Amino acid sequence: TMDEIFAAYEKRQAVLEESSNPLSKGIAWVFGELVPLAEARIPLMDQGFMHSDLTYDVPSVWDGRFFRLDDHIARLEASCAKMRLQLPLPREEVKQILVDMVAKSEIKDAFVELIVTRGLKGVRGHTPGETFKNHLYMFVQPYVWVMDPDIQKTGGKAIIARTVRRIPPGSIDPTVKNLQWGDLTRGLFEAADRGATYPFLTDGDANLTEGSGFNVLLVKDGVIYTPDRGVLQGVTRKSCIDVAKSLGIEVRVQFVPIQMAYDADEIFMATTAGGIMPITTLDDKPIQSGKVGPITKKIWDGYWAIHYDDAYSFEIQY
């Protein structure tokens, strides 16, 4: 369970922390060249920095196993299509370069990110009939924890953000994974100001959405609820629905009034970085007993169980 998975990770991290490979700290792919992540440089005029005109996606590899890589690359392709972007490399070649980068980095628990930007020329002065010269950036990095393992044992502190709302879909489509974190960064600052660690943003219409890079799932009377609109369709949320269906628990991706967060039995977040992240304190008050809930634990175990299932992952050779 939690102790077993975390213990094995801390052993793997000890091996990585005393490695001599300079790429063990990170590796990046820029225009066909592999460089240490610290030595990664992009053009200043790239429209992915100029106007954040890009999409991105983050797969993960745990214990040397890429977790649901097909799903993330498929979502990256869908996001590119929605923003009139093209994946600059074939999907299978992108997969192969990712395994090669991870293999050279020797990292077994890694944070992997792919970024597809508009290029050096913007959309303002664009002659119709031409397409854009989109750019591709990729890098591998040690596994990032939105919630540390020790905190996952006891649950974290969350607030319902009052000073900031989620960017509506009519402005930016949340189903397109974007790096425009204006509202999310504001939510993080508010959470820090209010003695918490995780912000939950409202839909602006008294509905729940998501937080600073994670989906929110409520548990109430044996049924799981998660917001449908205004949110990114997370892969970890997709894994939660898969695990729950195998456990006989049904998840309802529907409109969630914000009051349900205060009346819920359990609350937990989901993202590729932290994984399953239970929340035990809401608005400086414990959820129920102040401890991680039962349904949260079953989903936690199932999520990390399918990390070793060949149907959801494949092994990397070092």
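Position 1 is the first residue in the sequence shown; the rest follow in order.
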item	value
Within-chain third of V123 by Cα B-factor, per the entry	middle
Where the record places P199 (Cα B-factor, split into thirds across the chain)	middle
Relative C-alpha B-factor of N178, binned into the chain's lowest, middle or highest third	lowest
Chain third (lowest, middle, highest) by recorded CA B-factor, residue given as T271	middle
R165 CA temperature factor, ranked by third within the chain	lowest
